[PDB]
Amino acid sequence: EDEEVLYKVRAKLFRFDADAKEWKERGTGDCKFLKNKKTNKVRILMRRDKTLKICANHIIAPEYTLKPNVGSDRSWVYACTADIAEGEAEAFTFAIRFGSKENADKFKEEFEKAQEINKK
Amino acid sequence: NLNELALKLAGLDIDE
Amino acid sequence: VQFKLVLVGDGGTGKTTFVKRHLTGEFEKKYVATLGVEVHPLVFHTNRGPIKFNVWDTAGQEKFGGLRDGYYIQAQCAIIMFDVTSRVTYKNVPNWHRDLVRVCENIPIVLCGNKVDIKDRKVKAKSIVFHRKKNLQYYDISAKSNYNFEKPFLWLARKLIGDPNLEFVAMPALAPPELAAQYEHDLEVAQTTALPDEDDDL
Amino acid sequence: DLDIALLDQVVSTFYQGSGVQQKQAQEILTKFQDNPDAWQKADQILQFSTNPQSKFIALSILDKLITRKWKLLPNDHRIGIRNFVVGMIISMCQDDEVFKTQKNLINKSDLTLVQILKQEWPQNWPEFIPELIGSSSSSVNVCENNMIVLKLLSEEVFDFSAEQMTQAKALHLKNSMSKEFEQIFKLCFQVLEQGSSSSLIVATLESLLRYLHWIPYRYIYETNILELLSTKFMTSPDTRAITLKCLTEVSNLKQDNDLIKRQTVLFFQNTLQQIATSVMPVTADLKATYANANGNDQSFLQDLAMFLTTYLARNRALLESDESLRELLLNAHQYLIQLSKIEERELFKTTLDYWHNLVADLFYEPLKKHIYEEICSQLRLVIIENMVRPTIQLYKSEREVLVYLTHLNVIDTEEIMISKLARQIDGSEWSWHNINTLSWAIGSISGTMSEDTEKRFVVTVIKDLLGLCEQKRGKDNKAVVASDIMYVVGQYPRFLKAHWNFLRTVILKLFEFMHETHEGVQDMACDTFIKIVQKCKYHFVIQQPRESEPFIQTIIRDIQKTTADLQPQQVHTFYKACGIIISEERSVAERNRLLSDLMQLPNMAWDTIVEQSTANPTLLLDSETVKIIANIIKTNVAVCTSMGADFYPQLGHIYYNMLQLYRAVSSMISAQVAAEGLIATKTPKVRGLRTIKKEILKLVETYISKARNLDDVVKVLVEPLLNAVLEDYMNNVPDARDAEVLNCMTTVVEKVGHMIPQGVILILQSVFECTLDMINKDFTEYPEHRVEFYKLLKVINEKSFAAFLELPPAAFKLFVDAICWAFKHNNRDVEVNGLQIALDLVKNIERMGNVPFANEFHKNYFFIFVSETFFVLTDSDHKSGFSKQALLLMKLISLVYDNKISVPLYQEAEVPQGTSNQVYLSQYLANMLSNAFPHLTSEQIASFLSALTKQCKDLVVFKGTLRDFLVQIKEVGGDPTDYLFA
Ligand SMILES: Nc1nc2c(ncn2[C@@H]2O[C@H](COP(=O)(O)OP(=O)(O)NP(=O)(O)O)[C@@H](O)[C@H]2O)c(=O)[nH]1
Ligand SMILES: [Mg+2]
């Protein structure tokens, strides 16, 4: 709570199992953009419903690129290099889906607005 | 007959 | 502070899928019959500290039964699982309970009816009564929609710790940290693969 | 041989270890257990080992040897293992350290002894029971463990025998224990009266609980055992829990004698006095006790609720006449009242089932309800405060009880609800949760008061509920109350029907709430609107006094501004609601024009689009145009849903263009599959196109399923539909075929299939062979086509069986393979459709008579069906369909023992001429079972088949013989005389 909530959205997060070519669910819950009041850096923290376990915890790096999935108008895919949700910051290729195309678009703007702030 | 009640509910509102 | 949990039930009811949902958040669509037993460590965070479950996911089918009732030794809590879309899995619940309370004869047990997400429900609510005289706690659960999927563990956690007011709480979030082209290869293959369950609400 | 010390480390790495080390010790401990001759080394582990877990695992290896290969052993192995086990148990009962710290091992040892008794007792062990009772006087530890032996024996013989042993074997054991019980009961009663070891007393009671599941009644009522359970053993918390379960089982036992009645009153009297003085008084708040969860309080409170309800539901009448028993009766019910306030839902369902039993009796039986006036008065508040949102099943039970209580006394129910409402207005009990539950209660008793009392009650509740909304600030607060008002007014239709001016105001208010952006309000407004329409349809279709037109015309004409800010799914509900009203108009021309006016907006949008899309089109690559089309069709589906046969004029306005749109959408899906591959079927653009096709099919299915003019269905509807959908299905790649096409054809065939024989032939030709190849490589791919495939074959086999006779012989052979393919599914819907099609098929062939087709069918496929049914019956992987398998098998067998198969089932070249089909059937079956189950003896197979065929006209007995066969194939050496059981 040493942060401020830039944006909050309901979403379901996927991780891609390379050695399988299948997507795997990782969590359903509230996805939040948290900007730290001390360092002004913004991050992704997403907790799963009821158990309240973290399934996404990484910095919105300005290097990351949001690209759509072949079979979804309401999803974004991006590669992540340092995620510490289970401990140990490892690289993942993530998909995130929302309830509508309106939210997936609104996510894409706030994700870019947070990417700017992150480098000042 | 009860138009006394109908006009109260016609006034039911959620905003303000 | 760890407790051993035996998970028993007929083959296909959802024991293995239910545990994978708590360890990785994954939902497995394929039925790979568990062989003997798979032991997994599961940890929850409560207002009374962390609690760890040594989950002994046992085998439903008899051909893969393994040790059978040998897996139950020194268990501290248990989950009996059945299929609300399969009458035969509920008919066998007294068989599973009979083997279980011959080895562990006063441990807290939860009875779970899985797959309430499926419309064509075959075991109606009013018919499920076996838990009443055997002092079992019952929950309608679904590993696919995550309906009541935390209730069985929260109940066992409250009995083994001894506080009826125990609750699950939020992990603290550590601050996140801040020659690669094989990442843009495995990326585009990820774009080529459609996300599963595109019709679901979320 | 065995390095026993190595074993004791394998087992310890398994139970107490972790990681890959435990996973490897796991897979080798299983390999040791399932070695077929590891039982020979159980000799050593049981006597040399220091680890009790190894002695447990070794007793597991013994149990599998005893249950399945006992009678194959040489005799002196059978007595070497017996004498051992008996000796090991005796050995562990004198060591007071092993008897108190190794309970798991002694119980597993007693179970293994009981497995031997099942095989050997009493025919080869007549001394067991008299010997077991002499040993009981030698040691308190042996007396207790012998109670564990007897408890486990009663369990395996009476409680878990029906599935595990043959009817003859179980009957033999039940008779054996019944003849020897007078001896067991003498010892059990002695231990209970002479004390004093608690661990011995509890083990005795836990075995008495098992006996009550059948022992005659004279052992309980004609001894002093009832006063012992109802007094001496209720005082100590060690024996209390199990004693309560025994008195619960006694309240269900096998009753005219006037003295058994006083004993049934007596033990109930003693039990609840002990509860009053030794546990807690009647006024204790059991809600807090249960919430604190101290010790076994929760388990005890659960057992008290089970004991009270069980006894009260059976013997309530024994306490209602005599006035000396009145305080006992109502005190027992006051405990139930206190138990009913415990917040634990599974327990609440237990007591609520009894309350239902009670208040039903008071509502029907005379001169009863005055006894329980104070009980019922409390029960009223208990349920009003725990009303759930309308589990769906728990609400119907809460409503049923509350409705009964309102009939028993309207006036008290009315004031509790008004008092609870006032305490909401003053704010002492105000909560979002508390105002919702109160509304659900006020809504549930609707229609039970008299019409004029209900009138005065509704206005009082609605009036005061309106002031609640005026007084609250904030939308979250006003939205909760506004929703509860609409729920209540929707729950009282009989009041709305008689006061049109008030009804007119509510609807205009729901229309107002539809422009509200707040969460859930629009969903509440639409749900309440259609809920009011179903119950007051008539008042919108007639010209209400002092207005100029039916209110439906007013609703229709400004439908665009009324639904202007709803979501499409909410708009579809609104149109479905108007369709309900329009169907009330029974003048055809007046109904058909209300239909025209209602469909005006979607008909206008439909017309442009067909226009500016035919001529083009490419417009259907537009994401937005596809959405506009789907919602136009969906709106038609909504209105057709509630109008049924009255929808036909609107269907014709769009039918031919809709089928053309269906064709055009079929092309573009095929185009983008060709341009981008199979992954195109997952893309949003193609998924929007498949939605148009699925929604078009749904509209046609919805109409035909409800059509009344069946001549119109055949004449104008079927033939343009078949041309549009069948060929497109047949010539698409399997990953673009819509399984809804099968479902549509099922609805068509089910209603008009008897009138379209050539149409059924063309349905089979286009979908049978190509869908069968989609689903005949595994049991997984295309679960939707799988289910719909066999729903279609089922109805075709029921309604147009001639279609299967016009199949080429190679295709008919594929039909039979698909029916047997369905047998082997574990998927429930596929498997029962499969067995049904087979059963419906042999009856279809039976009613053909003595004709070449019927004869050739029996020559080619009779034994295939006999053997495929025998396979799923005896493989333990399809036990959910045992009933349908047994019945299909019985029809197959009876066909031969009634000489309904005229041809010989064999080839003349393989058996003496003149041999009856019955004799060859017993030979084919005898050979088949011998190759499939080689460990069966020849006498087993002969006696089983002898019993099975002479019983092929008695299903219940037939099933018992199949069940006996399923037990004997799980072991070696079963007695063939078990099939003479009936
Ligand atoms: N619709 C639905 N399917 C479920 C649900 N839970 C599990 N399944 C499905 O049921 C099937 C059985 O999965 P599984 O977890 O292996 O059951 P099991 O009891 O562990 N089998 P076994 O006892 O032989 O090891 C899987 O295909 C799974 O997708 C559920 O909640 N809903
Ligand atoms: Mg499994």
# chains A, B, ... in the order shown; residues from 1 in each chain; ligands from 1
$ residues_around --residues "range 18-31 of chain C" --least-positions-apart "3" --cutoff "9 Å" --atoms "only C-alpha atoms" --output "PyMOL selection string"
(chain A and resi 14+24-28+48+51+55) or (chain C and resi 12+14-15+34+40-43+55+57+114+142-144+146+149-150) or (chain D and resi 780)
$ interface_residues --of "chain C" --to "chain A" --cutoff "8 Å" --atoms "only C-alpha atoms" --output "MDAnalysis selection string"
chainID C and resid 24:27 44 150 168:171 173:174 176:178 183 186:187 189:196 198 201:202
$ interface_residues --of "chain B" --to "chain D" --cutoff "7 Å" --atoms "only C-alpha atoms" --output "number ranges by chain"
B: 1, 5-6, 9-10, 14-15
$ write_last_selection --atoms "C-alpha atoms" --output "mmCIF file, in the first residue's frame"
data_model
loop_
_atom_site.group_PDB
_atom_site.id
_atom_site.type_symbol
_atom_site.label_atom_id
_atom_site.label_comp_id
_atom_site.auth_asym_id
_atom_site.auth_seq_id
_atom_site.Cartn_x
_atom_site.Cartn_y
_atom_site.Cartn_z
ATOM 1 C CA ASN B 1 -58.647 1.876 -5.629
ATOM 2 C CA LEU B 5 -49.743 4.494 -3.583
ATOM 3 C CA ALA B 6 -49.285 4.673 -7.363
ATOM 4 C CA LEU B 9 -44.006 4.747 -6.483
ATOM 5 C CA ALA B 10 -44.100 6.930 -9.547
ATOM 6 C CA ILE B 14 -32.433 6.034 -7.685
ATOM 7 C CA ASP B 15 -30.325 9.111 -8.432
#
$ atom_distance --atom1 "CA of residue 952 in chain D" --atom2 "CA of residue 966 in chain D"
17.4 Å
$ select_by_dssp --residues "range 562-795 of chain D" --states "alpha helix (DSSP H)" --output "number ranges by chain"
D: 562, 568-583, 588-598, 600-614, 623-643, 648-676, 684-706, 710-712, 719-730, 740-752, 757-772, 783-795
$ closest_atom_pairs --of "chain D" --to "ligand 1" --cutoff "12 Å" --atoms "only C-alpha atoms and all ligand atoms" --output "CSV"
residue,atom,partner,partner_atom_place_in_ligand_line,distance
D:779,CA,ligand 1,27 (O),11.8
D:780,CA,ligand 1,27 (O),9.7
D:783,CA,ligand 1,27 (O),11.9
D:826,CA,ligand 1,11 (C),11.3
D:827,CA,ligand 1,11 (C),10.8
D:877,CA,ligand 1,24 (O),11.4
$ residues_around --residues "residue 38 in chain C" --least-positions-apart "4" --cutoff "10 Å" --atoms "only C-alpha atoms" --output "number ranges by chain"
C: 16, 34, 55-59; D: 22-23, 26
$ interface_residues --of "chain D" --to "chain C" --cutoff "7 Å" --atoms "only C-alpha atoms" --output "list in words"
residues 30, 57, 104, 291, 292, 293, 299, 682 and 880 of chain D
$ write_last_selection --atoms "C-alpha atoms" --output "PDB file, in the first residue's frame"
ATOM      1  CA  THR D  30       4.218 -50.728  -5.696  1.00  0.00           C
ATOM      2  CA  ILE D  57       1.968 -53.107   3.625  1.00  0.00           C
ATOM      3  CA  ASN D 104      -3.401 -49.104  12.799  1.00  0.00           C
ATOM      4  CA  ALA D 291     -19.437 -21.323  16.222  1.00  0.00           C
ATOM      5  CA  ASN D 292     -16.748 -21.733  18.902  1.00  0.00           C
ATOM      6  CA  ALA D 293     -15.978 -25.309  17.737  1.00  0.00           C
ATOM      7  CA  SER D 299     -20.082 -33.333  16.066  1.00  0.00           C
ATOM      8  CA  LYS D 682     -10.663 -19.845 -34.188  1.00  0.00           C
ATOM      9  CA  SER D 880     -22.820 -46.956 -14.941  1.00  0.00           C
TER      10      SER D 880
END
$ interface_residues --of "chain D" --to "chain A" --cutoff "9 Å" --atoms "only C-alpha atoms" --output "VMD selection string"
chain D and resid 679 to 685 687
$ write_last_selection --atoms "N, CA, C and O atoms" --output "JSON list (two decimals), in the first residue's frame"
[["chain", "number", "residue", "atom", "x", "y", "z"],
["D", 679, "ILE", "N", -6.68, -22.69, -38.56],
["D", 679, "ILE", "CA", -6.69, -21.73, -37.46],
["D", 679, "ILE", "C", -7.69, -20.61, -37.70],
["D", 679, "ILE", "O", -8.05, -19.90, -36.75],
["D", 680, "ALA", "N", -8.17, -20.44, -38.94],
["D", 680, "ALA", "CA", -9.17, -19.42, -39.21],
["D", 680, "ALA", "C", -10.46, -19.69, -38.43],
["D", 680, "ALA", "O", -11.13, -18.74, -38.02],
["D", 681, "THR", "N", -10.80, -20.96, -38.21],
["D", 681, "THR", "CA", -12.00, -21.31, -37.46],
["D", 681, "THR", "C", -11.97, -20.76, -36.04],
["D", 681, "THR", "O", -13.03, -20.64, -35.41],
["D", 682, "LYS", "N", -10.79, -20.41, -35.52],
["D", 682, "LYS", "CA", -10.66, -19.84, -34.19],
["D", 682, "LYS", "C", -10.67, -18.32, -34.18],
["D", 682, "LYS", "O", -10.91, -17.72, -33.13],
["D", 683, "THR", "N", -10.42, -17.69, -35.33],
["D", 683, "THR", "CA", -10.33, -16.24, -35.40],
["D", 683, "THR", "C", -11.69, -15.60, -35.10],
["D", 683, "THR", "O", -12.74, -16.20, -35.34],
["D", 684, "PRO", "N", -11.69, -14.37, -34.56],
["D", 684, "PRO", "CA", -12.98, -13.72, -34.24],
["D", 684, "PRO", "C", -13.88, -13.55, -35.45],
["D", 684, "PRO", "O", -15.11, -13.69, -35.32],
["D", 685, "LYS", "N", -13.32, -13.24, -36.62],
["D", 685, "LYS", "CA", -14.14, -12.97, -37.79],
["D", 685, "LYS", "C", -14.93, -14.20, -38.21],
["D", 685, "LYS", "O", -16.14, -14.12, -38.48],
["D", 687, "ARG", "N", -15.56, -16.82, -36.26],
["D", 687, "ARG", "CA", -16.45, -17.18, -35.16],
["D", 687, "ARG", "C", -17.71, -16.34, -35.16],
["D", 687, "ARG", "O", -18.77, -16.82, -34.75]]
$ residues_around --residues "residue 180 in chain D" --least-positions-apart "5" --cutoff "10 Å" --atoms "only C-alpha atoms" --output "list in words"
residues 129, 130, 175 and 185 of chain D
$ atom_distance --atom1 "CA of residue 157 in chain D" --atom2 "CA of residue 170 in chain D"
6.5 Å
$ atom_distance --atom1 "CA of residue 895 in chain D" --atom2 "CA of residue 828 in chain D"
27.6 Å
$ decode --residues "range 2-23 of chain A" --atoms "N, CA, C and O atoms" --output "compact mmCIF listing (two decimals), in the first residue's frame"
# COMPACT_ATOMS: atom_id res chain seq x y z
N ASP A 2 2.17 1.07 -0.21
CA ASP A 2 3.07 2.17 -0.52
C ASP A 2 3.00 2.57 -1.99
O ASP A 2 3.92 3.23 -2.49
N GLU A 3 1.93 2.18 -2.67
CA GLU A 3 1.70 2.47 -4.08
C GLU A 3 0.35 3.15 -4.25
O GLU A 3 -0.43 3.28 -3.31
N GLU A 4 0.09 3.59 -5.48
CA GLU A 4 -1.20 4.15 -5.87
C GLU A 4 -1.73 3.36 -7.06
O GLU A 4 -0.96 2.90 -7.91
N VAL A 5 -3.05 3.19 -7.11
CA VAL A 5 -3.69 2.38 -8.13
C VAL A 5 -3.98 3.26 -9.34
O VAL A 5 -4.86 4.12 -9.31
N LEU A 6 -3.23 3.04 -10.43
CA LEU A 6 -3.48 3.76 -11.67
C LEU A 6 -4.72 3.22 -12.37
O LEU A 6 -5.53 3.99 -12.90
N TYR A 7 -4.88 1.90 -12.40
CA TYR A 7 -5.91 1.25 -13.19
C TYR A 7 -6.18 -0.12 -12.59
O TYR A 7 -5.26 -0.78 -12.10
N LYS A 8 -7.45 -0.53 -12.63
CA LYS A 8 -7.87 -1.83 -12.14
C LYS A 8 -8.82 -2.45 -13.15
O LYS A 8 -9.68 -1.77 -13.70
N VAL A 9 -8.65 -3.75 -13.40
CA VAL A 9 -9.46 -4.43 -14.40
C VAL A 9 -9.55 -5.91 -14.05
O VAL A 9 -8.59 -6.50 -13.53
N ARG A 10 -10.71 -6.50 -14.31
CA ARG A 10 -10.90 -7.94 -14.16
C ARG A 10 -10.32 -8.64 -15.38
O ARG A 10 -10.61 -8.26 -16.52
N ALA A 11 -9.51 -9.67 -15.15
CA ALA A 11 -8.82 -10.33 -16.26
C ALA A 11 -8.43 -11.74 -15.84
O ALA A 11 -8.43 -12.09 -14.66
N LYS A 12 -8.09 -12.54 -16.85
CA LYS A 12 -7.62 -13.91 -16.66
C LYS A 12 -6.31 -14.06 -17.41
O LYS A 12 -6.24 -13.77 -18.61
N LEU A 13 -5.27 -14.51 -16.71
CA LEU A 13 -3.91 -14.52 -17.23
C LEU A 13 -3.49 -15.92 -17.64
O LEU A 13 -3.74 -16.89 -16.92
N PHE A 14 -2.83 -16.02 -18.80
CA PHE A 14 -2.33 -17.27 -19.33
C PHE A 14 -0.81 -17.23 -19.46
O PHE A 14 -0.22 -16.18 -19.70
N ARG A 15 -0.18 -18.39 -19.30
CA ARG A 15 1.23 -18.56 -19.61
C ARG A 15 1.38 -19.64 -20.67
O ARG A 15 0.68 -20.66 -20.65
N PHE A 16 2.29 -19.40 -21.62
CA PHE A 16 2.48 -20.29 -22.75
C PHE A 16 3.55 -21.32 -22.41
O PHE A 16 4.69 -20.97 -22.09
N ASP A 17 3.17 -22.60 -22.47
CA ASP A 17 4.10 -23.71 -22.31
C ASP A 17 4.71 -23.99 -23.67
O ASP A 17 4.09 -24.64 -24.52
N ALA A 18 5.93 -23.51 -23.88
CA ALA A 18 6.63 -23.71 -25.15
C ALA A 18 6.69 -25.19 -25.52
O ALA A 18 6.10 -25.61 -26.51
N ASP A 19 7.40 -25.97 -24.71
CA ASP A 19 7.53 -27.40 -24.95
C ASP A 19 6.19 -28.11 -24.84
O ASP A 19 6.02 -29.02 -24.04
N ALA A 20 5.23 -27.67 -25.66
CA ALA A 20 3.90 -28.26 -25.65
C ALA A 20 2.98 -27.56 -26.65
O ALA A 20 2.09 -28.18 -27.23
N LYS A 21 3.21 -26.26 -26.84
CA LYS A 21 2.40 -25.47 -27.77
C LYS A 21 0.97 -25.33 -27.27
O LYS A 21 0.02 -25.35 -28.05
N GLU A 22 0.82 -25.18 -25.96
CA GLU A 22 -0.46 -25.03 -25.37
C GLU A 22 -0.39 -23.88 -24.43
O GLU A 22 0.61 -23.59 -23.86
N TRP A 23 -1.49 -23.22 -24.29
CA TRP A 23 -1.66 -22.18 -23.29
C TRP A 23 -2.18 -22.79 -22.00
O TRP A 23 -2.94 -23.76 -22.02
